[PDB]
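Just so it is clear: chains get the letters A, B, ... in the order the sequence lines come, proteins before strands, and each one is counted from 1.
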Amino acid sequence: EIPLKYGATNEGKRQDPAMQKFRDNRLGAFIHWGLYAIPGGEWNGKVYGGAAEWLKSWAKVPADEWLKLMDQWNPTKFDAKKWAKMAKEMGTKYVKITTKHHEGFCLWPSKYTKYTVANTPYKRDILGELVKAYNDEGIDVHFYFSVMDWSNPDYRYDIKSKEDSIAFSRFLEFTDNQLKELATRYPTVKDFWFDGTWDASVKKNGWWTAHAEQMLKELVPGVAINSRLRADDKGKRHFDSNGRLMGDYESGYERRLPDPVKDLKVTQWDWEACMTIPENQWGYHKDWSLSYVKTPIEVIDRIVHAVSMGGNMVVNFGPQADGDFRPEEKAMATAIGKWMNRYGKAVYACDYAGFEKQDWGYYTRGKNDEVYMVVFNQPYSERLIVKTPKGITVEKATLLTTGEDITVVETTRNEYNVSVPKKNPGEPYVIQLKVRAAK
Amino acid sequence: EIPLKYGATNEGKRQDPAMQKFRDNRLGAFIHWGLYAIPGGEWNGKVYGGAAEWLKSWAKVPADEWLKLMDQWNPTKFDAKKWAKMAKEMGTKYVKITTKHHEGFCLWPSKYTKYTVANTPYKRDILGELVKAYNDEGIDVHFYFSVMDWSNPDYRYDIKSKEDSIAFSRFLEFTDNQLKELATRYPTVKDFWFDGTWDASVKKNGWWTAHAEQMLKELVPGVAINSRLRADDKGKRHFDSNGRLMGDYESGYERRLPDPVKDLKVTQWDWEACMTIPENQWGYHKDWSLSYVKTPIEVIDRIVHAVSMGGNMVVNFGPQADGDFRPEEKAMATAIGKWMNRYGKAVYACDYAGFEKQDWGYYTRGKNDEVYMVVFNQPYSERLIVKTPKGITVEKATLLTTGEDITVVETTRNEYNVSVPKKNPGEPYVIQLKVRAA
Ligand SMILES: OC[C@@H]1[NH2+][C@@H](CO)[C@@H](O)C(O)[C@@H]1O
Ligand SMILES: OC[C@@H]1[NH2+][C@@H](CO)[C@@H](O)C(O)[C@@H]1O
């Protein structure tokens, strides 16, 4: 066991009430909103296929030119209450907001840089309006924060000289200032989700990542801090050199998910996945015909897949420059919400069930040993195979939305056929099992 | 690398026309019929829940008392042409018939024992009648043969004395005599599927199992012989001490199948699974309420699973003592044929497709590189995920029964969405793909 000053801090999962809330929430929304919404993937007449929030990179735009977009930042249709209504109706329990993305433009009126909402035609504290509106709807707010900052020339990607070292030290102090500011201005914040922390410069400052975690924890009782922030003494990220998870939850499943048979290790720690609706667009991109766009069921599948293996899922939205949401995203949130209103009991506050995966869908476990079958693929055999772990029997099955009893037939030892409902629900649906453990 | 005299004889899969036919047939029926069909799992007022064809063992019936059932053997409803019609309409391309099971009662009038159909009130050569009738329908016939024989007291489970040695020698001669007799009486036989070869007496005599294979291949050109017969110089069964398959196909998947993700190794050799409709009954049992009984779709799922992993499937029937089939088996055969009539292009002459398994069902691959999606679990997403191997693309998709066109949308690198059809086909169905390598 290798010695470390800046390695993991939790022994297993946190079970304090604030962490339990973070976990039980299960479903979140991600908001990527920044100056990139304005060009929306197009620069100087050329539409770039890469992620819209990286347009400065794709189009090789210098900082001063890029940040000049602030002069155009005027989201006149923005209404925080409406955004918070959209989230509440979707059935999200929390929202993660880009306080600052790689571009460096802050959505709050920071005292530490001029590149903020205050210095735009719009002027208003967007971040603050969102925090209050979301909290008024009972929705927790989590802050995304990019460490990498393309607006501060003291940023370095690596330390290759004596001068790189000095400038980077200034950069960390600046970052510290912004972080403490965010924590003090908005003390209802429940999580900091760090990104842009992969560069060798950060990896060589493991100590700073440990300090950032602790500082924010000192400021905000019960705050969660993600693993992506963290590098240890050796510069190993997420998990330390002893293989132990740093931060409060693992945060590397991004537009992908663990395999339901081969990656059961994920059930040993808290974890949160994030996803996009198109293939890889976080910020607003004007042309979604450029890649595949996911349907609501394809998204709900991923949400349930996450919970079924002990994880949260956050579904991303890229708001328009004018402050409204594009039709496809309004369609998505409505549809997710209709389904979550019906079937959410098998998502919120649910967890890994301990059953072998079957082809029809996913199991989730409730707080009082309910086992939910979430059926995404309807068998023509009209029978849903349930193989039970050693010592577990199925006593009853119920269609969740109607209460109607479902036939359960033993087929071999440790195996049942659970009947499909007599009328096809016509959408993914839930059957609830009552189970019994021996001994 | 261990030198063997009685190990594997093939390198890889046989590819002579006889073996190609064995393989392309894909769907077989099993018939377990013998004296056990008379009591049907009940003896002296006790119904036994175990496999009816083992009732002699469950009820501890002495050989003399058990073989007396021969006096009650009179299958008045038997008609080999009706049996052949039932098979043909099920879509079975071959039938494996118990020439004799463990009980030792022979379905053909053997010269080498008194315990045959000849010495019953029915008298007739059931086996010969079946062989002709199946053959006239274009159906290949395979012979199940139990080496273990509870009717011959020279049988031994192990050889631990001079008397054991002398007796078991007589038994091997007898067995050789019956095998030669079957091969010469019925020269259209396409396969011998040996069973009851698990005892130490057989394992210790690997030479003999190699001899029986060779003897029969010489008598019946192109004949197939199952791995279950065979033990090598070291007593290792099915696969020899160098890990190589003995006989012509692997024959251990009995009432179970290989895992579609973890057991892709089975694709390297020919193999044949068998299954029962109830949990474990091969011969006729009078009470099918004692265990779970599979539905037709549950059976078709297993057939398709087998072909998807390069294997044959044989579905068992246990005819009634009277020569007719029980209502549940008639319904099964009919339902399977109906489906095979619609979707058989994706089963017959098909094989493993080399694609990663998906939740909606199975891939099979046709002879002209067609790739069939056989769908058992309809996604509410209206999309069927197809992840292609490195360097393969999907060019069209088609509802097999209606010809109707199917949208194929690329989702990421090496992944597609295939739409369901506009009308839910309403049962397991087939969508056919054209693919392209580079
Ligand atoms: O997970 C969200 C995602 N994180 C980074 C790529 O991993 C960012 O570069 C990207 O723009 C986006 O914010
Ligand atoms: O595969 C068919 C099966 N084989 C033996 C058990 O494995 C026999 O004991 C059984 O009766 C049946 O014939």
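- For a heavy-atom cut-off of 4.5 Å, chain A lies close to B:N424, B:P425, B:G426, B:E427, B:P428, B:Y429 in residues 420-429 of chain B.
- Other residues, nucleotides and ligands contribute more than 12 heavy atoms inside 6.0 Å of the CD atom of B:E254.
- Contact annotation for B:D301: neither backbone nor side-chain heavy atoms come within less than 4.5 Å of a heavy atom of chain A.
- By the 4.5 Å heavy-atom criterion applied to side chains, B:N377 and A:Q358 are not counted as neighbours.
- Of all residues spanning residues 289-300 of chain B, those with a heavy atom less than 4.5 Å away from chain A's heavy atoms are B:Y292, B:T295, B:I297, B:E298, arranged by number.
- Within a 6.0 Å radius of CD1 in B:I385, no more than 12 heavy atoms belonging to other residues, nucleotides or ligands are found.
- Screening residues 274-285 of chain A for salt bridge (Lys or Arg N to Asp or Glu O under 4.0 Å) gives no qualifying pairs among residues at least two apart or on separate chains.
- Of all residues in residues 329-348 of chain B, none places a non-hydrogen atom less than 4.5 angstrom from a non-hydrogen atom of chain A.
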